[PDB]
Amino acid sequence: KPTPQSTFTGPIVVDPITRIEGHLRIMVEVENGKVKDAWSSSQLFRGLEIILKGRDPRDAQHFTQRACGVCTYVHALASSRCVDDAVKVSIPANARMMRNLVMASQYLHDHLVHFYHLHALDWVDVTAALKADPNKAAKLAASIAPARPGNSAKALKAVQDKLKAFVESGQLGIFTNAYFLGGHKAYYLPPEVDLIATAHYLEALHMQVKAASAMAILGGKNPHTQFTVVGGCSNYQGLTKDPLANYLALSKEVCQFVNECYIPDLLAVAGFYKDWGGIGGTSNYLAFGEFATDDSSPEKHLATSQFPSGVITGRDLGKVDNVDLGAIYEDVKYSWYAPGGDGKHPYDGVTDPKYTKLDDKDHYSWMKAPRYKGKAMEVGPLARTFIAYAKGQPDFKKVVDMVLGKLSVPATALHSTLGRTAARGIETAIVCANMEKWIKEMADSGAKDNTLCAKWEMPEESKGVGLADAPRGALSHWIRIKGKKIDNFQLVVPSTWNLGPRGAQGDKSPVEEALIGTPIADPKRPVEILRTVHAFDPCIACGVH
């Protein structure tokens, strides 16, 4: 029937929000079973911007990468771009290619882990998988997905047996007190679909190991790569034949799993949760672009990004504006910072921590509130997808239409939690479709010329910005150099955009806005809050740093 909804009126708090990176507290007001107001409260401060002051600009990338071990690498990249810009060095073509491939590797690993190990348990009842008949499940998989041994009845039965023994032991481990135990109205999947997804969940645990190995061939190690330097990269071995053959091999495997399991699972889930095409929409989208053919400057990045940069307002796909890096600022009015810190451009950023109390609706987050000409901006896969689709980018046009057609929904249905979830898979598919081309580009370039790092000089005084679109969205690092040292170093991170608190106008952030209208089938077990929050792929260490 209709989307299940209680008549519950009152507050709900979820803390901890699990299956994210970091420490999030969500508070909502509920009226007659629907969320009417929301607060996104980040619960940990570390202070990397404070820590960086006075240090060597060459050290920045090593501190900032520790902003996040889930989106590992991306902060080392943004810092390197930032410092490269500040000293005005243009990196060699091979360094641009190596840096962008490691980013492609990161998207693949990050997105697969998110769908399966962080997000899926909001949609898949694992214990209902035990009810499944493995033959029916094998027949369902056969018809919804490419044929594969791991989808056989024999395979699904093994998964079921393993799960049965685990559950029968009485130690449910990570499934203890799950919102789905004993059944739950907001969980719609047939037991067979639960089984298919559960088997793939287990498969994805092994596959993420391979995705990280691929990344490590070029990045030195994962987590926390160690191959970027001012002026380019250090990894000459990464330009050579045998490691690049291994890299392609592992990548092809990961992408096979993306095409065989991830996308089909995503499409099957979206099919049953069609109603979630009308829950959790926002209206503004921003991207700095990624995978640029010219990374010699911030300018050239925004212009030449293969996943294009852009700004969309009020859902208007007919009007994609250029990113005005001058119009970006951060507010602290509803944040745990010293008041009078509002409206600061990141070149002029101030990080002056000041705590009040838990659930102080005046000051309720360790995140700042980034705003673009006053407007809250959603960043991430859905942002990139809308901007690329509106701009007519051929891969996105073709993958989006495939999705919208398989689901029979208008493109407007994408402005929602379902769409946010679908866009993450969409772009994973597109990154996969480009891996071979990108790898061949660098293999050839690296065999004709192995130049990987340019010469450069530390200025007395400069500034620079490094832009990236990380898996969660638009990332920027901003540096002021004075006396050859870090005078100011500011991070503005995708989860700061998405999950930060209200701005100086009292205007809700994207996640707070997305949560308005959320139906709550069972206030005791509010899975619907999790579904929307997780769809934004929150990274709290990223957001606060």
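Position 1 is the first residue in the sequence shown; the rest follow in order.
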| query | finding |
| --- | --- |
| Of 400-408 and 368-376, the one with larger mean CA B-factor | 400-408 |
| Residue stretch of maximal mean CA temperature factor, 253-261 vs 122-130 | 253-261 |
| Candidate residues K300, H111, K185, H345, the one whose C-alpha B factor the record puts highest | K300 |
| Peak C-alpha temperature factor (PDB record), options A270, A383, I279, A292 | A292 |
| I51 - which third its CA temperature factor falls in, relative to the rest of the chain | middle |
| Third assignment of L414 from its chain's C-alpha B-factors | middle |
| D360, C-alpha B-factor rank within chain (lowest, middle or highest third) | middle |
| Assigned third (lowest, middle, highest) for the C-alpha B factor of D444 | highest |
| Entry-reported Cα temperature factor of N177, expressed as the chain third it lands in | lowest |
